[PDB]
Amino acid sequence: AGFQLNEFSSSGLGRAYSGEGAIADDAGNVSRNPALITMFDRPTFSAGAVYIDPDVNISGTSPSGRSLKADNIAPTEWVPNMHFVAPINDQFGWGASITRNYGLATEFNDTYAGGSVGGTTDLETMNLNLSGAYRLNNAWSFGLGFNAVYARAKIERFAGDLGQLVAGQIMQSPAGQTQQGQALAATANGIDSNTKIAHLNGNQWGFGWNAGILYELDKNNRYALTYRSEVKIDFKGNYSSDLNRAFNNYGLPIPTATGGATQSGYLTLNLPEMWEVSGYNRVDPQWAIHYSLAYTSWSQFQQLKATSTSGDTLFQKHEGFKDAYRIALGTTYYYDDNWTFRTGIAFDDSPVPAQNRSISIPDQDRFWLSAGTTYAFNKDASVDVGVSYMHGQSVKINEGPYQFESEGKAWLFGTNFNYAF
């Protein structure tokens, strides 16, 4: 789902995040729907983390004859999560949490033949949420939240085999027999594959709000609607390219060369708004069913465009994403006072139109299968453990002068410790 993340808690991870927003067995869920606060009778704490181990691979052959094979370009991630919920009174409550709604990590060896569109891509996001909720009656509750998002990002691209390709072309041309052409070819050949073609890094804060509506027929059946506003991060960081400035202003498809000099850069990153409808049904003292449909407006992510203090475009990449949906269904089986078991299935559509696919964001439609279990220590303290398997469809990628093919899957493991005072 682009670079969107749903791992806000270990439980739920075991649910395949189905019906989040309509379930409140532990404090984690307030982060997804502030209205659920009215479901807590006392200060409740939750904290843990999810290890995401992706297995994304790239295959292909370049016009240079070199392999575009790149195994495991998606590094494993560690997504912590922490929550606290507290009643103000039988009418209002509040909560605070630290989670990750967005993130991405793609890494190619700097000598990768397709380095110009490979290299390194890292996006780290942290969401600090503060919420409040109001219960109107036995059925309706309302929640509103404020969010402060800290983001650390870094982008690096390399020459790859472009120098070789350029040299080849010059040499196959009438210019190949000329002094100017030869000097040109020498230079092109001289551009090593690990030559840093572009560098972009920065950290910045963004702000957004969210809200939720909870409606419960009774104490065992509820539905929810939530909205997470878009969050715009206005980066002000550093840009550079180790290429010689003599490369500039010819119209070449290459980021602005700065002779290695660092230049101040601006880039706005749009973090997509999200909508979600949820349902939780406890059809028995030991069985509950949960499901949801989420809609993330990825069309809000149109491009990555870095700009200089003069307003010149130093680096630009069209993304052209489209809105996407996510569907999830799961059930929880409360065996006894100590044990609770859960499973889930989910499907999230990729927001990237085929012609806009890039190897930097190896996304694709995903199917999730998961299982988890929770051990209750004493009606006040518990531990959650969940696992999920992600399987994605292999797709073709045409980027620049290259044709790639990618496949990706993933294993997720998480644990969270819960405590209610």
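Position 1 is the first residue in the sequence shown; the rest follow in order.
J.: Quick check on the record: does 213 to 221 or 294 to 302 carry the larger mean Cα temperature factor?
T.: The stretch with the larger average C-alpha B-factor is 213 to 221.
J.: Going by the mean C-alpha B-factor recorded in the entry, which is higher: 182 to 190 or 77 to 85?
T.: Between 77 to 85 and 182 to 190, it is 77 to 85 that shows the higher mean C-alpha B-factor.
J.: Maximum C-alpha temperature factor per the entry, among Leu136, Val166, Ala153, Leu314, belongs to which one?
T.: Out of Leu136, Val166, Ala153, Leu314, the record gives the largest C-alpha B-factor to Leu136.
J.: If you compare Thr120, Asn270, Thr256, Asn72, which has the highest Cα B-factor in the entry?
T.: Comparing C-alpha B-factors across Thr120, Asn270, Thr256, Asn72, the top value belongs to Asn72.
J.: So where's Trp339 on the chain's Cα temperature factor ranking, which third?
T.: It falls in the top third of the chain.
J.: Test of reading the entry: by CA B factor among the chain's modelled residues, which third contains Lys322?
T.: For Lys322, whose C-alpha B-factor we compare with every modelled residue in the chain, the answer is the middle third.
J.: Relative to the other modelled residues in the chain, which third contains the C-alpha temperature factor of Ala376: lowest, middle or highest?
T.: Highest third.
J.: Is the Cα B-factor recorded for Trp205 in the lowest, middle or highest third of its chain?
T.: Its C-alpha B-factor, which the entry lists for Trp205, ranks in the lowest third among residues of this chain.
J.: Sorting the chain's CA B-factors, does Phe142 end up in the lowest, middle or highest third?
T.: For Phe142, whose C-alpha B-factor we compare with every modelled residue in the chain, the answer is the highest third.
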